[PDB]
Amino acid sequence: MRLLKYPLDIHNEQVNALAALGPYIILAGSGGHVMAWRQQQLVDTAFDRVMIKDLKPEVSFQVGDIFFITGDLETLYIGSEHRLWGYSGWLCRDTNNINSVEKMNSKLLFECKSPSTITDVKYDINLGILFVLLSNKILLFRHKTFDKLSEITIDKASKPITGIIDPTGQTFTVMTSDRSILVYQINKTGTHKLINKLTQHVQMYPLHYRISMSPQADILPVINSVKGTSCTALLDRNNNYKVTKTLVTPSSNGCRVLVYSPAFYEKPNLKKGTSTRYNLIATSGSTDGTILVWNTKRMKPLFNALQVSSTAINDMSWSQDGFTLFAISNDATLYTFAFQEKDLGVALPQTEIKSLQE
């Protein structure tokens, strides 16, 4: 593994969110700025196949401070605390190159009025639904068209702080200000059903959280679990959310990112004739500004929690192929962790993840 730390030339601005979409890692933040880097350019620089002086975003444009970015190969969903835009046609489908903003179609999808604020935006590509969490309801919109499908109303005392996508598309999970984990069954139509309410389970702080569950959808990770002062823990979605493993004790009140790699890896132990399949989690250790990468099978870190930033990590995103981790903080420095086969082994075909979901 190589760590490339690349200070951004963005003056006094801040990057709050990022997303790996298509060939790009897309950064977005204050002043409405969006900047797109080719993932492979950063990886190639990390392995010295190209030089550092050539690094530069392929496309930058300006949309309010941006806190949310998600989407697919046809639409970027870009959100402030009060507005959500859709930028469609952002990727030239014939060349796999990002278009300039001048070829992009942009639409104001949603606006809320203070005191309301958007606490999270999550996109479930299998349901075809975007979830907009507001401080107190969850709104369900059809993707692209953005027709309103339904609305989940929850208690006045329960602010929905963050949402967690189910890779199988059967559920949506919310963590609340009054310490609950709420699990809803969701249908593609937008109809919904509360199926699990776990109370006094998590301590949420007034932050934008970035949490993803395991690609097999069997583990829900929790920052600041107050079951099993507080710790980062893994809950078994198939065994009544029992704690299966604790990763960090104590967790930091400033930790807001815990994301699984989408890959399911197999690494042989050739000397002993055996092999191990495992998942990877990126989060922080007890100190803000650390990055910890955790092998869920060995239940060990890949390396000592590494102090990379003087400030809390704002967001992290794995590459789609599982071999690169991108991270950003208020230090305005893009962190690229570029793994190799000799580090991790081989990402398994999606058949193997799909078999474990069923």
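Numbers for residues come from their place in the sequence shown, where the first is 1.
Inset, instruction - Indicate whether the chain is continuous between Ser252 and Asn253 or, if not, how many deposited residues are absent from the coordinates: none, 1 to 3, 4 to 9, or 10 or more. - result: The entry has no gap there; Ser252 and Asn253 are joined directly.
Legend entry - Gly64 preceded by how many uncoordinated deposited residues after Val63: Per the record, 4 to 9 deposited residues are absent between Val63 and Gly64.
Inset, instruction - Would you mind comparing 253 to 261 and 233 to 241 for me and telling me which has the higher average C-alpha temperature factor in the entry? - result: In the deposited entry, the stretch with the higher C-alpha B-factor mean is 233 to 241.
Inset, instruction - Can you let me know which of the two, 190 to 198 or 280 to 288, has the higher average C-alpha B-factor in the entry? - result: Between 190 to 198 and 280 to 288, it is 190 to 198.
Legend entry - Residue, from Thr176, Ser150, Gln216, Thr171, that the PDB entry assigns the highest Cα B-factor: It is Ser150.
Inset, instruction - Go through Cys112, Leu220, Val183, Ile165 one by one and give the residue whose Cα B-factor in the PDB entry is largest. - result: In this record, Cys112 carries the highest C-alpha B-factor of the candidates.
Inset, instruction - Pull the Cα B-factor of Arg83 out of the PDB entry and bin it into the chain's lowest, middle or highest third. - result: It falls in the middle third of the chain.
Legend entry - Third of chain Cα B-factors occupied by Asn16: Lowest third - that is where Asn16 ends up once the chain's C-alpha B-factors are sorted.
Inset, instruction - Select lowest, middle or highest to describe the third in which the CA B-factor of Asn224 falls within its chain in this entry. - result: According to the entry, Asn224 has a C-alpha B-factor in the chain's middle third.
Inset, instruction - Compare the C-alpha B factor of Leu344 with those of the other modelled residues in its chain, then answer lowest, middle or highest third. - result: Middle third of the chain for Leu344's C-alpha B-factor.
Inset, instruction - Check where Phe47 lands among this chain's C-alpha B-factors and tell me if it's the lowest, middle or highest third. - result: As the PDB entry reports it, the C-alpha B-factor of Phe47 lands in the highest third of its chain.
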